[PDB]
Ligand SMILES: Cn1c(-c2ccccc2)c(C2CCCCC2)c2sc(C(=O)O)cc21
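The chain below stands alone, shown as structure tokens; this is the form solved without this ligand.
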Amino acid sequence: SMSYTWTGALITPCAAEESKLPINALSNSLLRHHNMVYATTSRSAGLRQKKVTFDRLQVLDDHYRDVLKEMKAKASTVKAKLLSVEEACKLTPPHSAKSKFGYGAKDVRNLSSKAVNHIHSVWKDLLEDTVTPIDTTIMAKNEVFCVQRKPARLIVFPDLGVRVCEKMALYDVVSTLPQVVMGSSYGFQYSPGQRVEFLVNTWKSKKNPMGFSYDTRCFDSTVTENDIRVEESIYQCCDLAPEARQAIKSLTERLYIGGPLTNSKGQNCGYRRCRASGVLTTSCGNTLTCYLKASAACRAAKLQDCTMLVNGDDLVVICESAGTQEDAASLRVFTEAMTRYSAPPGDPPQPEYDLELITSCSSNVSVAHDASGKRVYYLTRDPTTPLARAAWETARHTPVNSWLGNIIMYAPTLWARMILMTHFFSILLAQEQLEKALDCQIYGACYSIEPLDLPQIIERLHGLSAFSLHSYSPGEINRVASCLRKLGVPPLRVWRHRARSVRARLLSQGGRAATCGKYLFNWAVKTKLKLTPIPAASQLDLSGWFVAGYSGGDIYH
């Protein structure tokens, strides 16, 4: 069926939207090529609508069915609990879109009974009605990029009351099921370093490794009613409370499978018959579905000694090469199978034979050296989008601080250390806002993070090694340098200079700020300090960080 049917009503903004990089007094110290940076707005949503609107046909064979049977067997071993209203409420982000029923995320979080009452009525409705399509709002995402212009992505989501209901019914399922079903293939269980460890060991476990990433064209849109019912049947394999089963059946029939689309002005924009990107099960359903299709496609393609790594629609496969010609033919067959399953490629997959050249989750493994001179593998990515976004965040307060996420997730990298840490620590110093906790996202989930904890956070996620990496790869350095020329970011030598200042300014504050100065900026100075373990690092609640992915899932930790 058509992934979408549109009425003609526009996708409308709430607030007026800025597409142009806001410039303040700090902007130029990060970036000079301001016109390279933009934010998507609803005003390009029509282009997106066109892209995402197509017919899906699906042809399911025995490999598909075998894998599903296997997945269901693993899923039958999971037991999940219903969350209480209160618990579901506490997982709601403070910025989460307000209900149309006259209450907002903050009413939910501090548990006003106006919200709780409504949520209870939503839940009772979900139990009583398993057929009535649930209304959804379609919005254009405002996200920041560097010009290559992408149209806005679309966010489709049910009312706040329904979302708390999704959490009650499904939060535990989407938190536990994926790792049980997909085992080590489930990408969201990995910190970046564990992700590197997995990729590195898997690569090394092959006599002749070949790897490829598979780009599905608009994954959400290729997701069919059948896919969404299949994933429900996987959920229902779990040991669930009877109300959980009912709510899941009902959210599936009424929401997940499809539904009417309403813009922010209240007009009907049409109808959706594919994955909604603003629901709890977006990440988990995509992951399962991507895994299901891809594992079946690996069998179709007779890929040998095949290891998958899946995060939502992001798939990377490492397997035994059969030589470039056979590999290419394998990927064609893999692609035809995926296509038959309604997951056709954007860019057709290409075999790669160097781990460091495989991009997956927009990242690649790279190598630098620790203090010992010993080679170390770590995760990096092209810094262009991070820096674009840092530039936006340099002038604008934003609900999510990508800079802070990037420093955390990419702490060991050259660009996060020399540029992100230097710039933003500089800004925090100047505003004496070092102590203020900032919201950032990790695997789609919102965390409140205190910048002063970065050293302990990075020691925990990455090891002290991340504060000592040097002698980065030529291809990594060239990518960064090239990125800096594109965006007009000052060279790494300026950043080193600045960092020496930022470091001393931090050391002078003493305490946590001084620890930030000490660890975060040890690289900056000729004559270095001894980076020993940080006692407080071992006191950090890093439980929940890399358990599952929660994008579009309206999740706050």
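Start at 1 and count along the sequence shown; that's the residue number. Definition used throughout: the rigid core is the maximal C-alpha set that superposes within 1.5 Å between two forms.
The same protein has a further form, the form solved in complex with this ligand, not shown here; the description that follows concerns it.
Figure legend: unbound chain with this ligand modelled from its position in the bound PDB entry by local C-alpha superposition. Site blocked, with three or more ligand atoms within 2.4 Å of backbone or C-beta atoms. Residues of just one listed stretch (391-399, 123-131, 163-171, 241-249) have heavy atoms within 4.5 Å of this ligand in the bound PDB entry: 391-399.
This chain is displayed alone, yet in the bound PDB entry one of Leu420, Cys319, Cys274, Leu91 has a heavy atom within 4.5 Å of this ligand; that residue is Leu420. Although the partner is absent here, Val37 lies within 4.5 Å of this ligand in the bound PDB entry, judged by heavy atoms.
Interface residue remark: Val489 is counted as part of the site for this ligand in the bound PDB entry, having a heavy atom within 4.5 Å. In the bound PDB entry, this ligand lies farther than 4.5 Å from every heavy atom of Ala297. By the criterion of a heavy atom within 4.5 Å, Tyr64 is excluded from the residues contacting this ligand in the bound PDB entry. Heavy atoms closer than or equal to 4.5 Å to this ligand in the bound PDB entry belong, across 328-346, to no residue whatsoever. Of the candidates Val52, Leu507, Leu60, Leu68, the Cα that moves 2 angstroms or more after core superposition between this form and the one not shown belongs to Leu507 alone.
A displacement of less than 2 angstroms separates the C-alpha positions of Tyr291 between this form and the one not shown, with the rigid core held in common.
Positional change of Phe424 between this form and the one not shown reaches 2 Å or more at the C-alpha, relative to the superposed core. For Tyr447, the Cα coordinates differ by 2 angstroms or more between this form and the one not shown after the core has been superposed.
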